[PDB]
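Just one chain is shown here, as structure tokens, and it is the form deposited in one PDB entry.
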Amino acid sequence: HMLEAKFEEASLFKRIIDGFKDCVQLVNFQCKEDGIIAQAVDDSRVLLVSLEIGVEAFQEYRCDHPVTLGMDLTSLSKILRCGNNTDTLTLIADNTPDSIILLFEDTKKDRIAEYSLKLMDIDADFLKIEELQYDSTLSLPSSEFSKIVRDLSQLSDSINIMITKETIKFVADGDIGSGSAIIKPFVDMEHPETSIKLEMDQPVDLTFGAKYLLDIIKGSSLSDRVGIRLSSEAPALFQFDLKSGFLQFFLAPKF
């Protein structure tokens, strides 16, 4: 009992985990003094999940020692289905820990639920694959992006994002036919968060697997907007902005 990180609402940490729990299985939660960060590469080694949770995301955070505690998402999510969404979730562990302790407590002092989670042993191959300059950079409503991905997934397992100047084009092409959703950058004032931005330095023609994109758009529940950075050189970066933190999805193109 030494780091005891504490969330205001247990739902918040649950929503964060639920955002990327489907695309991966094992995760290396590397928590330190300035907060918690984590990475997780899937089995096929084509999708990286990078997470950062700052101090301000907690209502009371402490960590007198850099502790790397990896664990299974399926096991972690099971314990996360025990709270009452508004309970006080406290992540407790000690120096060189065997298990992480999750403490659920409501506003009243009737319910005091304490859970233990046997920690996994994960290799420390941390990746830094974010580029300085991307060929194209765009940001759109997360709910809108989920719509495009889900609709095109009906047609084929290959969604081709094609970006030219002032033209963002999503195209799917399968056996039963094809589909094409085309959006253009604009500005709104009644609700400026529905706006679409585009900063193209060079035209982009990349192809991504539909299987992976469907898991990526599940982070729409964490942010209203999604930042997409496309490059012909490095994997694409799908970023969801959290309150004092972020959830990144690095996806490698096909072909």
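Counting begins at 1, following the sequence as shown.
In what follows, reference is made to the form solved in complex with a partner chain, a form of this protein that is not presented.
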Looking at 31, 51, 204, 41, which has any heavy atom no more than 4.5 Å from its partner chain in the entry with it bound? 41
Can residue 235 be called a contact residue for its partner chain in the entry with it bound at 4.5 Å between heavy atoms? yes
Is the gap between residue 47 and its partner chain in the entry with it bound 4.5 Å or less for some heavy atom pair? yes
